[PDB]
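> Experimental coordinates follow, after the sequence.
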Amino acid sequence: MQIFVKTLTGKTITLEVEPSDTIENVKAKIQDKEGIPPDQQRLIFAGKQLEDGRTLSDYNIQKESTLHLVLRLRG
Amino acid sequence: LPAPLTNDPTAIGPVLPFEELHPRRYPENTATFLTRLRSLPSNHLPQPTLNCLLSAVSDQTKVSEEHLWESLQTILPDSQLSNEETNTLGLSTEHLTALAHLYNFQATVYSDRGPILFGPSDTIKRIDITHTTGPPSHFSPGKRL
Ligand SMILES: *NC[C@H](*)CC(=O)OC
């Protein structure tokens, strides 16, 4: 399948992942596409901040379903 | 996977997002970080050693770091204000969103990846923060080019 990710800078990335793909590997692919480490990544699917230790199928995310990305900048 | 704020003694209620507990006109999804409603009064926590964010906010809002830290103690549980992350990596932008809600402003963070907004849009004050990837993230006032 294929989904989309809307970032905090307005850019909507197009990503290709498996239905059983873990959120950690999704953040790794986002790091590949952009360069944002998983340290500053928090993914949201309709208001609910996703957990790293889960998969896309658990949140019932179909193909072409957009996920929001929020940066958790430390410092 | 386990969370310290789940059984935090300085907070009451269950785990809810910050936007549900204190709703405003935050930037889209920038307030979805989970927290809990503060129960006990200010424990008088010490000023965090990694206090770059507090200095950056103080240079813009003219509010002393002490008052900002006390307001953070009144809004947030202790387990999310001074923990292993606070003393190693430092403060997060979630504290910046909490301070923006408490003091009514929309901070503009000029990070290495571009400009981001944090805090309610239904405000007047607009502060500017410069974010450095470093390592690690360094917080300063103003913007850069
Ligand atoms: N991230 C904590 C603040 C950084 C700092 O204090 O640098 C001087």
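Yep, that arrived. Numbering: from 1, shown residues only, chains lettered A, B, ... in the order given.

> what does the host helix or strand of residue B:60 contact?
In this assignment (DSSP states H and E), residue B:60 forms part of helix B:52-61. Residues from elsewhere that reach helix B:52-61 (Cβ atoms under 8 Å, 6 or more residues apart in numbering or on different chains): A:75, B:47-48, B:63-65, B:68-69, B:90-91, B:95-96, B:99, B:103, B:105, B:107, B:125, B:127-130, B:138-142. Where C-beta positions appear, they are placed from N, C-alpha and C, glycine not excepted.

> Could I have the buried ones of the residues you listed as PyMOL selection syntax?
Listed next is the PyMOL selection for buried residues among these, using 16 or more other Cβ atoms under 10 Å in any protein chain shown:
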select buried, (chain A and resi 75) or (chain B and resi 48+68+69+90+91+95+96+99+103+105+107+127+128+129+130+138+139+140)
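
> Just the ones of the contacts of helix B:52-61 in helices?
Using DSSP state H, the members of these that fall in helices are B:65, B:68, B:69, B:95, B:96, B:99, B:103.

> Would you format those as a markdown table with distance to the ligand included?
Below are the ones in helices among the contacts of helix B:52-61 laid out as a markdown table (distance: Cβ to the nearest ligand atom, whole Å):
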| residue | distance to the ligand |
| --- | --- |
| B:65 | 12 |
| B:68 | 14 |
| B:69 | 14 |
| B:95 | 11 |
| B:96 | 12 |
| B:99 | 15 |
| B:103 | 20 |
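
> In contact with residue B:144, which residues?
Contacts for residue B:144 (Cβ under 8 Å, 6+ apart) come out as B:110, B:130.

> what about it, distance to residue B:62?
Distance from residue B:144 to residue B:62, counting by Cβ to Cβ, to the nearest Å: 22 Å.

> quick one, strands of chain B?
Assigned by DSSP state E, the strands in chain B fall at B:11-17, B:34-38, B:107-111, B:114-118, B:128-132, B:138-141.
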